[PDB]
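For reference, the chain that follows is the form solved without the ligand, supplied as structure tokens.
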């Protein structure tokens, strides 16, 4: 089909920019390198996508959805029994998933700069952020956590989690960093609950 082929070149470009941008940063890979690696011409790319930024937008979407997939896998398998335990299992899950350098480059470093903080927020509300808003909402609902404004709490905890990830990855002894950071995140969480 003619439009069925469009999706195939968009997948080749999205896969390639994800690999390359994930390896080195959005600024440090240009559209030529990316087109070459995808097996398409710069012209076709600028036909399927508005600009470099828009291709970064669809890369972000794909990556974030994978993060949610792998995370839910870990959270379901943890086997929590109360919303609070679900929150802790989510924390440990992100700690496992944020170990991926692709995720840190695309989501934690480049995305707020490419799409703008509000822009990436509009994207993350349909993913990790909004799932945090829901975990908080459920923990409030089941009486494990004081009623309070949810949007702020979720954003802040997301901040703590993101920076947790960078700290563990760049620390000189990563095993001890993951242990101690997990400890303090737990202590922080329990101090939040009842």
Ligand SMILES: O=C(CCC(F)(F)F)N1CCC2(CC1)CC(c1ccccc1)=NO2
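Positions refer to the first chain, counted from 1.
Relative to its counterpart among 121-129 and 41-49, 41-49 has the higher mean temperature factor, C-alpha atoms as listed in the PDB entry. Between the stretches 149-157 and 31-39, it is 31-39 that shows the larger average CA temperature factor. Of the residues listed, 77, 108, 95, 87, the entry assigns the biggest Cα temperature factor to 77. Per the deposited record, the Cα B-factor of residue 9 falls in the highest third when ranked against the other modelled residues of its chain. Compared with the other modelled residues of the chain, the Cα B-factor recorded for residue 66 ranks in the highest third. For residue 185, the recorded CA B-factor ranks within the lowest third of the chain. Only modelled residues enter the ranking.
Form deposited with the ligand bound: not shown, discussed below.
Site residues 15, 34 and 59 are none of them in contact with the ligand in the deposited bound form, judged by any heavy atom within 4.5 Å. Contact check for residue 162: a non-hydrogen atom falls within 4.5 Å of the ligand in the deposited bound form. With a 4.5 Å cutoff on heavy atoms, residue 45 does not count as touching the ligand in the deposited bound form; it lies far away.
In the deposited bound form, at least one heavy atom of residue 68 sits within 4.5 Å of a heavy atom of the ligand. Interface membership of residue 114, defined by any non-hydrogen atom within 4.5 Å of the ligand in the deposited bound form, is ruled out. Taking the ligand as it sits in the deposited bound form, the stretch 13-32 never comes within 4.5 angstroms of it through any non-hydrogen atom.
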